[PDB]
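Comments concern the structure below.
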Amino acid sequence: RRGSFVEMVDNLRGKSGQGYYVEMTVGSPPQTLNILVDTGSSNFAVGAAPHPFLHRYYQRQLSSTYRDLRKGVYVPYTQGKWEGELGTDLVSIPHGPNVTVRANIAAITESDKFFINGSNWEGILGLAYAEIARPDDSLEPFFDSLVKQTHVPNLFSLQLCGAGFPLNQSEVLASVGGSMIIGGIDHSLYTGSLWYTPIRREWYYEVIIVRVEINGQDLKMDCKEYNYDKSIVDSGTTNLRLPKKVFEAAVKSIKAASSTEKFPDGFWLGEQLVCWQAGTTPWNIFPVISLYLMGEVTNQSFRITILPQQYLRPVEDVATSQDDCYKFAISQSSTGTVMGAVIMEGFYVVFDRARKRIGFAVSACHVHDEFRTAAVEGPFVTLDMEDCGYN
Ligand SMILES: C[C@@H]1C[C@H]1COC(C)(C)[C@@H]1C[C@H]1[C@]12CN(c3ncccn3)C[C@H]1CSC(N)=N2
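Residue numbering for the sequence shown follows PDB author numbering, starting at -5 and increasing by one per position.
Set out below in structure tokens:
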């Protein structure tokens, strides 16, 4: 396996709790900013005014290439909001393709619970499709602009690398957090085969889950439940989020598999950390989780399997200790399944926009132990998979 995109390998930093980001520049002369990679939204937006959590921001008045679109944008969401002013400017990715494009930029002027203290990022790169752009689908997303204006192939791929232990801001700054390969697939970043699932519709990166197992035991729900009301791949969500009824069934099964140790309700609610003496985390008592995804071939599926090393998120102790501590990074959703950062950390994920498909392979940087690894395996004969999609 040769790695043919050396310029872009190791261009991400960050972690599942706070986001993975890439360096970008905006304006003339170039203003450098760290930008959250978000496959669950479709706007390119940057801090453009002082904020307690920003150490830098886009200064439109210092860019000779700034263009004012004379239009506001307001982006409320469940846990927060940002608002700002639309414009365009020249944009580059230093550890990216050697191209500069003119792109839409939302200059964030006000926000609430959007920016994250100590995360090191100052803006967001929404990589999903125009349908979910704000204020509407007429605001061309960045990746669309990049493809239209250059010879960059209509594809990107993400290797998000969890450390398997906590990092402070200093360690995050000094550590490689993964790769975003723009326009290609780098063979050094994965092992085994890539398996592809269709993009069901181009809005979010929507997929269809057809079967769920906990340690090989079928959760045995009608597969529509797994995709109620959608299933998406979202680097801008920390957890694996599951629809309420699926969450309840999965947690029951994970508790049963791990029953040799009792954990408090607050742990299963994703609120409370649990800790073990250094090196003694009992990985083996926790089950693997397999999600079967619709394949590209009629009546064929494949599965991705994650370990507790993926779904238990490393956190620092509430106290001063050498304990190894974690939070449970599976949580309930009322807006469908979200395959967030903790599940993406297991896999190299290929967003093949050109062929309307998402590829998964075992990540070369997934955390595991001597006894088990993450897996991507197939094929399986699976019938009536279209019926698993919610309408
Ligand atoms: C792993 C990393 C810590 C995670 C980042 O957390 C925040 C900052 C809350 C993510 C980046 C925020 C959003 C942006 N957004 C949105 N909705 C509609 C239109 C435009 N944008 C919803 C919102 C939550 S979900 C998501 N994918 N993106």
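We put the beta carbon where it would ideally sit given N, CA and C, even for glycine.
Is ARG128 near ligand 1, with its Cβ less than 7 Å from a heavy atom? As a first step, residue 128 is located in the sequence shown; it is residue number 134 there, counting from the start. Under cutoff, so the answer is yes.
Within 7 Å: the Cβ of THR103 and any heavy atom of ligand 1? As a working note, residue 103 is residue 109 in the sequence shown. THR103: no, Cβ never under 7 Å from ligand 1.
C-beta contact flag for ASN28 and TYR14 at 8 Å: Against the sequence shown, residue 28 aligns to sequence position 34. Against the sequence shown, residue 14 aligns to sequence position 20. In this structure, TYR14 does not lie closer than 8 Å to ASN28 by Cβ.
Given that a residue counts as buried once 16 or more other Cβ atoms are within 10 Å of its Cβ, and exposed if not, what is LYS224? For this step, residue 224 is matched to residue 230 along the sequence shown. Buried, because 16 or more other Cβ atoms sit within 10 Å of the Cβ of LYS224.
On the CB-based measure, 16 or more other CB atoms within 10 Å of its CB, does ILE87 come out buried or exposed? On the sequence shown, residue 87 is found 93 positions in, with the first residue counted as 1. Label assigned to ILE87: buried.
Comparing C-alpha positions only, which one of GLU242, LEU121, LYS9, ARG297 sits nearest to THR33? Position 39 of the sequence shown, counted from the start, is the residue given in the question as residue 33. Ranking the options by Cα distance to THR33, first place goes to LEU121.
The beta strand (DSSP E) that contains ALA127, what's its start and end? Against the sequence shown, residue 127 aligns to sequence position 133. No beta strand (DSSP E) holds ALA127; DSSP gives it neither H nor E.
Name the two residues that bound the continuous beta strand (DSSP E) containing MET18. Start at 1 with the first residue of the sequence shown, and residue 18 comes out as number 24. Run containing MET18: 13 to 20, per the beta strand (DSSP E) assignment.
Around the Cβ of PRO281, are there at least 16 other Cβ atoms within 10 angstroms (buried) or fewer (exposed)? Sequence index remark: in the sequence shown, residue 281 carries index 287 (1-based). Under this definition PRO281 is a buried residue.
Let me know the secondary structure DSSP gives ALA243 once reduced to three states. Here the question's residue 243 lines up with position 249 in the sequence shown. Correct three-state label for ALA243: helix.
Of the residues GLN316, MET288, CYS382, the one placed nearest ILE352, counting alpha carbons only: Start at 1 with the first residue of the sequence shown, and residue 352 comes out as number 358. Out of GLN316, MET288, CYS382, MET288 has the C-alpha closest to the C-alpha of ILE352.
For a test of your reading of the model: does the CB of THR231 fall under 7 Å from any non-hydrogen atom of ligand 1? Yes or no. Looking up residue 231 in the sequence shown gives position 237. Indeed, a heavy atom of ligand 1 lies less than 7 Å from the Cβ.
Jot down the residue ranges of each uninterrupted beta strand (DSSP E) in the region 252 to 295, minimum 3 residues, whole runs only, in chain order. 268 to 270, 283 to 288
Of the listed residues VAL201, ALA313, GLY66, nearest to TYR190 (C-alpha basis): Walking along the sequence shown from the start, residue 190 turns up at place 196. Selected option, being the one with the closest Cα: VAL201.
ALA369 bridges to which residues according to DSSP? Residue numbering aside, residue 369 sits at position 375 when the sequence shown is read from its first letter. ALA369 pairs with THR299.
Run through DSSP, which three-state label would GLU380 get? Locating residue 380 in the sequence shown gives position 386, where the first residue counts as 1. Reduced to three states, the DSSP call for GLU380 is helix.
Rounding to the nearest angstrom, what Cα-Cα distance links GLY(-3) and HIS181 in this structure? Residue numbering aside, residue -3 sits at position 3 when the sequence shown is read from its first letter. Residue numbering aside, residue 181 sits at position 187 when the sequence shown is read from its first letter. Taking the straight line joining both Cα atoms gives about 5 Å.
Just to check, is the beta-carbon of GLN271 closer than 7 Å to a non-hydrogen atom of ligand 1? Looking up residue 271 in the sequence shown gives position 277. Because no heavy atom of ligand 1 lies under 7 Å away, the Cβ of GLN271 does not count as near it: no.
Using CA atoms only, rank isn't needed, just tell me which of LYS218, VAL309, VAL361 is closest to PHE261. Indexing the sequence shown from 1 puts residue 261 at position 267. Considering only alpha carbons, the answer is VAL309.
If you count every other CB in all the chains shown that lies within 10 Å of the CB of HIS145, and 16 or more means buried, which is it? Taking the first residue of the sequence shown as position 1, residue 145 is located at position 151. Classification for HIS145: exposed.
Using the three-state DSSP reduction, which class does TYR305 fall into: helix, strand or coil? The residue labelled residue 305 in the question sits at position 311 within the sequence shown. Three-state DSSP puts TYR305 in a helix.
Is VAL309 near ligand 1, in the sense that its beta carbon is under 7 Å from a heavy atom of that ligand? The residue labelled residue 309 in the question sits at position 315 within the sequence shown. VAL309: no, Cβ never under 7 Å from ligand 1.
What are the boundary residues of the beta strand (DSSP E) that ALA43 is part of? As a position in the sequence shown, residue 43 is number 49, starting the count at 1. That residue, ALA43, is in no beta strand (DSSP E); it is neither H nor E in DSSP.
Alpha-carbon to alpha-carbon, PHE354 and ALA124: For the purposes of this step, residue 124 is taken as the residue at position 130 of the sequence shown. For the purposes of this step, residue 354 is taken as the residue at position 360 of the sequence shown. Looking at the two C-alpha atoms, the distance is approximately 24 Å.
Buried or exposed (CB count within 10 angstroms, at least 16 for buried), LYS9: Along the sequence shown, one-based indexing puts residue 9 at 15. Flag for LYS9 reads buried.
Top-ranked residue by Cα proximity to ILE99, from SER169, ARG54, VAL240, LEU161: The residue given as residue 99 occupies position 105 in the sequence shown. Comparing Cα positions, the closest option is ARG54.
Burial state of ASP62, where buried means 16 or more other Cβ atoms lie within 10 Å: For the purposes of this step, residue 62 is identified with residue 68 of the sequence shown, where counting begins at 1. Exposed, because fewer than 16 other Cβ atoms sit within 10 Å of the Cβ of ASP62.
What do you reckon, are the CB atoms on residue 390 and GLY177 nearer than 8 Å? Any answer about residue 390 is impossible in this case: the structure gives the chain only from -5 up to 385.
Between which residues of its own chain and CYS155 is the CB-CB distance below 6 Å, once the five residues before and five after are set aside? Mapped onto the sequence shown, residue 155 falls at position 161. Only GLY171, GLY172, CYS359 meet the Cβ criterion.
Ligand 1 heavy atoms versus the CB of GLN73: any closer than 7 Å? The residue given as residue 73 occupies position 79 in the sequence shown. True, at least one ligand heavy atom lies under 7 Å from that Cβ.
Segment limits, beta strand (DSSP E) that includes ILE175: For the purposes of this step, residue 175 is taken as residue 181 along the sequence shown, with counting starting at 1. It spans 172 to 176 - the beta strand (DSSP E) in which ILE175 sits, taken as one unbroken run.
According to DSSP, simplified to helix, strand and coil, what is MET338? Within the sequence shown, residue 338 is the residue found at index 344, counting from 1. It is helical.
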